[PDB]
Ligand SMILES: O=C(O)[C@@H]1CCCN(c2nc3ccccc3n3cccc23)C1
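In the form deposited without the ligand, a lone chain appears below as structure tokens.
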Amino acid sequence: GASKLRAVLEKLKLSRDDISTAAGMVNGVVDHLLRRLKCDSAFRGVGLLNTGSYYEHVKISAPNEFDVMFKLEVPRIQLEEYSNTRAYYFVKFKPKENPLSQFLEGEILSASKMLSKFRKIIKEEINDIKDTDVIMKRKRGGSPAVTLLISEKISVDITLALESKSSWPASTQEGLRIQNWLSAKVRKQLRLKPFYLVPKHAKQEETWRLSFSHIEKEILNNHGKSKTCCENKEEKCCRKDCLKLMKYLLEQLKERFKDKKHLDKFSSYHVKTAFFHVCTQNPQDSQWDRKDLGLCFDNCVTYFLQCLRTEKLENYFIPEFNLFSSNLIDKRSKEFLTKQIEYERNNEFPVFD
């Protein structure tokens, strides 16, 4: 119900004072790390790309989780697709002229060699600061590479990335289906921007996975079919509101069933990816009228349920990369989430209060 849902969105609004505090802590530590990394021959060309919910303005409840990408401008990359996985590649170069040659294993760029020096440099620099601790972010395949905890309150996931300015790989050719929503001219402009490669095992070599975090952020902050969508109060859509509610639904279910582990692998990236597909299905701003919040939220819920039931959630940029494949998420986990979402919807989402 649009009124229950509005009340939920109000309780989810971030406090401006907390934003100021958290951003001050995060920026101070991040600036410290970039300064250090720029002094190193290997990470000379590093730069900051802020990613994810906080910088997309769909962070809910508290600004206590930040995603950060340290991207390296590298000479022209030559990619070799790993197996036929569409998203995972070996990185080669087209060595005297490049500072990453210390990480070559033959012609192949070693993600783990690069990750190891990156983590070592950050871990040493984090001891040089106070109220900040490193954790080597589990496996994660390598991305994020490290997780910082600042004064036991704010988490910073740091991802190492390579920036390529070459044309996007062929597996993206049919992705980013925004032509009838954001326009063909905007799709052409986005695909002229760089793409990123982050260190990531495929189910286990020296592979990198394609990343488009910067495009996802650009779409979210310029998200209407109308150029003026959300710029003035009389043209406010409920797109970001629906994404926030989807994220809260998943977060609340993962907390509710934290002792059962079925929901551990579902992520905000899944919810955001599904949301972009609903945007492609509903391209007009009038299909996201603020008066229709309950209806629009239900489109998001329904599409997400169809993804779970069919075990199919395409990466928005790489359509043959299935985020919900059996290899990645057990059927029983998808089944359990379906059951709980259907229950919640049938009972006016008790998990929201």
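Note that residue numbering follows the sequence shown and begins at 1.
What follows is about the form deposited with the ligand bound, which we do not show.
Participant: With heavy atoms only and a cut-off of 4.5 Å, decide whether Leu323 touches the ligand in the deposited complex.
Facilitator: Close contact exists here: in the deposited complex, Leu323 approaches the ligand to within 4.5 Å, heavy atoms only.
Participant: If you check in the deposited complex, is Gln287 within 4.5 Å of the ligand, heavy atoms only?
Facilitator: No, no contact at 4.5 Å.
Participant: Answer with yes or no whether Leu109 is in contact with the ligand in the deposited complex, where contact means some heavy atom within 4.5 Å.
Facilitator: Flag for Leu109 set to no.
Participant: Closest heavy atom of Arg239 to the ligand in the deposited complex, within 4.5 Å or not?
Facilitator: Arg239: no, not in contact with the ligand in the deposited complex.
Participant: Looking at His262, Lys225, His270, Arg191 here, can you tell me which has any non-hydrogen atom within 4.5 angstroms of the ligand in the deposited complex?
Facilitator: Looking at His262, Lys225, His270, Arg191 one by one, just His270 meets the 4.5 Å heavy-atom criterion.
Participant: Pick from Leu162, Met114, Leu210, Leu148: which has a non-hydrogen atom within 4.5 Å of the ligand in the deposited complex?
Facilitator: Contact check passes for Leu210.
Participant: Let me test this: is every residue among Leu12, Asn221 and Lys244 within 4.5 Å of the ligand in the deposited complex, going by heavy atom positions?
Facilitator: Not a single residue of the candidate spot has a heavy atom within 4.5 Å of the ligand in the deposited complex.
Participant: With the partner left out here, which residues of 58-92 have a non-hydrogen atom within 4.5 Å of the ligand in the deposited complex?
Facilitator: Heavy-atom contacts to the ligand in the deposited complex: only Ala87.
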